[PDB]
C-alpha cells in the first residue's frame, strides 16, 4: 500500500540525469556527448530501481541539455526517439512510474510575456519527452509560481496560458508550496484546468491553510484517474524553511502513513536521494 521513489540522481551508482554545460559556444558534439551520458545513466538508474524495489523516478530537466531553447543545434526528437522508446519500454516492463519537476523559475502565470514564453517552451519539452518515453501514467509536477502583488489575477493568468496546451495537460499535476499556494488554493486551479493535485507534505506543514494533512489528502486523492501521488520530505534542522534534510525522519513517515485515505505513490525528496529514506 506504498510505492517509493527518488528524484534525478543516484548516489551509490554515482549516476545522474541532470548534467548541464557552461562553456561558451557549445558545439553540437559537446551537447550530444552530455545527452548520451544522461541517457545512459537513466537506463542505469531504471535497472537499479528494478533490483532495489523503487517504482518511482523523476527525470532531471537537463536530460537533454537546453532542449527547450531555440538555439538547440539539432533535432533531439528525431535523434533520440528510438532510445527514449527503448528506455520507456524498460520502465513499463519494470512497472515504473516516471515524472518531471520543472524548477520554480518556470512560471506560466507570469506578468512578463518573455518569461511566459520560456516557461511554456520548457513545459512543451518535458511533456514531449514524456510522450517519447511512453510514460502514460507519467506526471508533470508544477508549482503555481509567483503572486506579484495580486494573487487572484496571477492564478487566472496561470490557467489562461496553460489550457491552450493539450500535450502538457496530458501529464500536468499541480503542487502546493511553502510560500504562496496551499492545497486548497492549488485545488482551485487544478479543478479549473482538469488536472490532479500533488500534496507536498513538508510544503503543507510550512503552509497549511485551514486543512490538516489528513483532509488535504482526502481532498486531493479523488483528483487522480490512476494512483494518487505524494511528495515527501523533511525540514533540514540547520537550514532555511523548505530546505530538505539528508534523510527523511521516522516521524515524518509516521504522519504520512497515518494520514493516507488509501494506497499512494510517494516521491521521496531527501538530499541523500535513494539513501535518504
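Residue numbers count along the first chain shown, from 1.
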property: Residue range whose averaged C-alpha B-factor is higher in the record, 112 to 120 or 194 to 202; result: 112 to 120
property: Per the entry, higher mean C-alpha B factor between 23 to 31 and 53 to 61; result: 23 to 31
property: C-alpha B-factor winner, where the candidates are 73, 103, 138, 88; result: 103
property: Residue, from 147, 174, 98, 129, that the PDB entry assigns the highest Cα B-factor; result: 147
property: Relative C-alpha B-factor of residue 245, binned into the chain's lowest, middle or highest third; result: middle
property: Third of the chain, ranked by Cα B-factor, where residue 8 sits; result: lowest
property: Relative C-alpha B-factor of residue 254, binned into the chain's lowest, middle or highest third; result: highest
property: Position of residue 181 among the chain's modelled residues by C-alpha B-factor, lowest, middle or highest third; result: highest
property: Cα B factor band for residue 158 (lowest, middle or highest third within the chain); result: highest
